[PDB]
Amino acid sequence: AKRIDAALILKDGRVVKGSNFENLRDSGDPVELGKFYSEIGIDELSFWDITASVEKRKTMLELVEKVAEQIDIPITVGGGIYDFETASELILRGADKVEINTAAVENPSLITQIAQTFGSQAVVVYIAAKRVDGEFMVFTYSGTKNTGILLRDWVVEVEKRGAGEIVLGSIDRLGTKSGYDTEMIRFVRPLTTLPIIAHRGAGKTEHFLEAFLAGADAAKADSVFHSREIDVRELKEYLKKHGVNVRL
């Protein structure tokens, strides 16, 4: 089935900018918010850490310990995971998947190291890409460094190295609400047999349909769900109505 994923951006243990769910005891608590999403029909969750402190490592491990106890859908953890030991720590603490991005681009061996022990199914590569002079290029350090590596080349290398899925984040859609970057999705689709997860640009229910027509296997969103602009259950009902194989 096509997957609907929610992502939660975290700093110092808190959901950055929080959420608009009034029913919740603490609307900026990542564990409670994650649990609520699992209950309404989210398929998988991403916890994306932007902490830099020096409590970052210990904070993420304590968060995944808690989440693993309370939430029973697949969990991905990401945000500055730079080496095998950090990834291993998180997986053994309860993360189903670890997401890497800057460290994977700089040291693609990391992909293979993790997959060698945990299987490719445990490895997510987030690829942040942008149009630069008519070429899709890969950006590292929170979308800030033009690595000079072509998206087309990196997608193939990521698969070769042993990643299990690719989150394709269009920097050209950061903060926008006009739709997923379906041109980018279509560009990548023929290049890899891996699951491709669309990220950035979702503003309304129909944008998810467009992403699936483009060949995405999953769609990730965050603020559009946290703001309550889109309701997860209404989204899945809509998608099912229009022939998309979602889990209901």
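All residue numbers refer to positions in the sequence shown, first residue = 1.
For the pair 198-206 and 50-58, the mean B factor over Cα atoms is greater in 50-58. In this crystal structure, the stretch out of 93-101 and 149-157 whose C-alpha atoms carry the higher mean B factor is 93-101.
Highest CA B-factor among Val67, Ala219, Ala214, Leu45, as stated in the entry: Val67. Residue-level inspection of the entry shows that, of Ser223, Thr182, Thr193, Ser38, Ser38 has the top Cα B-factor. Compared with the other modelled residues of the chain, the Cα B-factor recorded for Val77 ranks in the middle third.
Remark: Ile171 belongs to the middle third of its chain, ranked by C-alpha B-factor as recorded.
In the deposited entry, the Cα temperature factor of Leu239 places it in the lowest third of its chain's modelled residues. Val132 sits in the highest third of its chain by CA B factor, as recorded in the PDB entry.
Ranked against the other modelled residues of its chain, the C-alpha B-factor of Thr86 as given in the entry falls in the highest third.
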